[PDB]
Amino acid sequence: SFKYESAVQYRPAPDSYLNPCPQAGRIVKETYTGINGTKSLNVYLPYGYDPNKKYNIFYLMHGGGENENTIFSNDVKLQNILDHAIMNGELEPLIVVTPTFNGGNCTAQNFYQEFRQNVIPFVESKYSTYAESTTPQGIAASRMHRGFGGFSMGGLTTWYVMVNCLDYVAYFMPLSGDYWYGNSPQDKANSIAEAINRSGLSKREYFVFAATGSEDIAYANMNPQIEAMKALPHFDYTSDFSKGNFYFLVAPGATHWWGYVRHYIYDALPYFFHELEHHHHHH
């Protein structure tokens, strides 16, 4: 049963977590048409998915040169980690969506627009999230149970989703990617601060769990951005999200590779979706 730590440390999932679990969540390949044309994504449904229950939802973006199938492919096997963690009770059941920034006019930077208009309404009208409807109002009212994360170029996607979708999303997991809006770490932090100001949200209503490896080149630009954000009043640094809203996990020795990055998700995802949650839990 999960308890927050204030400075959680990197820990890979056990090797057995990388093999198939008997309690396997169903993965559905979807196709939809949006502002960037006809595209696909995958939806991971937790084992025992019951559409008359409501589930947290976490959208997770691939990196450069990859696609909507990568994260659940043999090259990453994230679903095995998800299956084992949910079965063992370390992670509460949730829906995980793997879309793509490929296709049409879509880019890693501009994906948030298609995310808002097409991806959320398509996925969350079909599956049971906390969204009672998928109008802008219904999506905004369920923001505390929606998260976005991604690796590398997908980490960049995550930062742009954050700056442009605080109204829709409360939890952010940028992995090995920095925010490319500004000519200094301070410009970056200030853009995020301004987005937060504009949203009207309190510090108890958005959470950032960032991560990378100590040997991942993304560290060079992330670390200064993280330090500049620490200095804002908008962030209270600690992985204990019952107390603060901002943490940066750096895995010793880890390089720029999904082999390591999948473990950041195993470490970080169980931290999401407990603040103002509808279940009665002690974390």
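Residue numbers here begin at 1 and follow the sequence given.
Could you check which stretch, 245 to 253 or 54 to 62, carries the larger mean CA temperature factor in the entry? Comparing 245 to 253 with 54 to 62, the higher mean C-alpha B-factor belongs to 245 to 253.
Quick check on the record: does 42 to 50 or 222 to 230 carry the larger mean Cα temperature factor? Higher of the two, by average CA B-factor, is 222 to 230.
Just grab whichever of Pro14, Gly25, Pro270, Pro22 has the top CA B-factor as deposited. If I rank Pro14, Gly25, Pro270, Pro22 by C-alpha B-factor, first place goes to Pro14.
Candidate residues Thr157, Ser176, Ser133, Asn164, the one whose C-alpha B factor the record puts highest: Going by the entry's C-alpha B-factors, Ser133 comes out highest.
Hey, what third does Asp240 fall into on Cα B-factor, ranked over its chain? As the PDB entry reports it, the C-alpha B-factor of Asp240 lands in the middle third of its chain.
Lowest, middle or highest third of the chain for the C-alpha temperature factor of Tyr127? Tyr127: CA B-factor falls in the middle third of its chain.
Name the third of the chain's ranked CA B-factors that contains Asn74, choosing lowest, middle or highest. It belongs to the highest third of the chain when residues are ordered by C-alpha B-factor.
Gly89's Cα B-factor: lowest, middle or highest third of the chain? It falls in the middle third of the chain.
CA B-factor ranking of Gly103, expressed as a third of its chain: As the PDB entry reports it, the C-alpha B-factor of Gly103 lands in the highest third of its chain.
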